[PDB]
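Colleague: Chains as they are written, first to last, in full-length UniProt numbering: chain A, 329 to 377; chain B, 24 to 30, 36 to 126, 132 to 153, 158 to 165, 173 to 188, 194 to 214, 220 to 321, 327 to 328. Where is the CB? At the ideal position from N, CA and C, for every residue including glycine.
(1) Out of curiosity, what's the CA-to-CA distance linking residue 329/B and residue 76/B?
(2) By Cβ distance, which residues of its chain are closer than 7 Å to residue 175/B, with the 5 residues on each side in sequence left out?
(3) Count Cβ pairs between the segment 245 to 257 of chain B and the segment 270 to 285 of chain B that sit closer than 8 Å; are there 3 or more?
(4) Would you mind stating whether residue 255/B and residue 149/B have Cβ atoms separated by less than 9 Å?
(5) Do you know whose CA, among 126/B, 26/B, 207/B and 101/B, lies nearest residue 64/B's CA?
(6) Can you list, in chain order, the residues of its chain whose CB lies under 8 Å from that of residue 118/B, leaving out five sequence neighbours each side?
(7) Alpha carbon to alpha carbon, how far is residue 184/B from residue 59/B? Give it in angstroms, no decimals.
(8) Does DSSP put residue 366/A in a helix, a strand or coil?
(9) Could you tell me which residues DSSP pairs with residue 140/B in its beta bridges?
(10) The alpha helix (DSSP H) with residue 259/B in it runs from where to where?
(11) For residue 43/B, which residues in the same chain have their Cβ closer than 7 Å to its Cβ, ignoring the five residues on either side in sequence?
(12) Quick one: is residue 262/B buried, meaning 16 or more other Cβ sit within 10 Å of its Cβ, or exposed?
(13) Roughly how many whole angstroms lie between the Cα atoms of residue 182/B and residue 79/B?
(14) In chain order, what residues of the same chain lie with their CB nearer than 7 Å to the CB of residue 54/B, ignoring the 5 residues before and after it?
(15) What separation, rounded to the nearest whole angstrom, lies between the Cα atoms of residue 224/B and residue 240/B?
(16) If we count the other Cβ atoms within 10 Å of its Cβ and call it buried at 16 or more, is residue 97/B buried or exposed?
(17) What is the C-beta distance between residue 113/B and residue 124/B, in whole angstroms, given that I count them as a contact (C-beta under 8 Å)?
(18) Is the beta carbon of residue 279/B less than 9 Å from the beta carbon of residue 297/B?
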């Protein structure tokens with residue numbers, strides 16, 4: 329959990345964009361931590377299409 | 024200056045500023061044959077850039093729908109909404125198809146697209173500088194100053210907060231949602247009109263900073279206001295003079311803490 333938390337922290341810190349967060353989210357799907365991960369991602373300012 | 028636009037026939041009236049609010053209100057009531065509203069609420073924020081917080085927005089929309097389906101109320105959003113208000117308007121219209134509340138849109142003629150065409158009767162505006177939507181089943185148009198429009202809306206508000214006319223008084227509420235800096239000055243004009251305000255902690259930068267500013271009563275805090283504006287939407291730099299001028303309006307608004315209060319929604328009727 330904290331691993332993914334720090335990882336998405338890094339992804340968001342560098343930039344705010346789809347594709348990189350997409351890869352991180354693919355990882356999240358791998359671990360099925362939909363709750364915390366989707367909270368971190370989609371409650372954010374980032375826009376998805 | 025009544026006009027009917029054929030697209036769903038939508039009615040509107042062209043009225044300049046400093047026109048009788050009693051006459052405006054009664055003409056509108058008589059013309060469109062609306063029922064007397066229990067409550068009126070007014071939208072104040074039109075920052076299209078500030079996207080609605082998805083869960084927060086869904087919660088607000090559900091709460092408004094639930095309240096409005098039973099008691100009955102009126103709305104005061106802008107005309108030809110294209111930003112954040114645009115999509116909420118279409119969602120409310122969708123709800124309307126499946132006691133009644135009628136959304137109202139008010140705007141100045143200047144920014145409206147086809148404004149020359151409208152000034153000169159099927160009116161079609163199929164735009165995918174402001175296009176209209178079916179959210180404006182009834183419309184409100186003005187063609188006079195921006196402060197003129199602010200005082201116009203304020204006069205309509207104050208006249209709705211009127212006397213008996220078995221005294222009946224229809225409450226009016228203002229909703230401030232990630233507005234412009236001008237909205238702040240606008241709120242000043244409402245502060246003198248005894249208008250109960252409502253702001254949101256997480257809606258956007260302006261409301262969030264206002265949650266702190268008035269809460270901490272500082273006579274002189276120009277650098278604090280500067281650091282706050284830089285924290286919240288530092289898109290364009292502001293002159294220290296204008297910052298002191300807005301700080302004056304902050305001192306004025308905070309002086310009336312009873313009429314307004316903030317609640318943390320991310321943290327109803």
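Modeller: The relevant details are as follows:
(1) With chain B covering 24 to 328 only, the question about residue 329/B has no answer from this structure.
(2) 108, 110, 146 and 162
(3) The segment 245 to 257 of chain B and the segment 270 to 285 of chain B do not touch, with fewer than 3 CB-CB distances between them shorter than 8 Å.
(4) no
(5) 101/B
(6) 177, 178 and 179
(7) 13 Å
(8) helix
(9) Answer by DSSP bridge pairing, in chain order: 185/B.
(10) 259 to 267
(11) Hits under 7 Å: 24, 52 and 186.
(12) Buried, by the Cβ-count rule.
(13) In a straight line, the C-alpha of residue 182/B is about 25 Å away from that of residue 79/B.
(14) none
(15) So the alpha carbons of these two residues sit roughly 22 Å apart.
(16) exposed
(17) Actually they are not in contact, since the Cβ atoms of residue 113/B and residue 124/B sit about 16 Å apart, beyond 8 Å.
(18) yes
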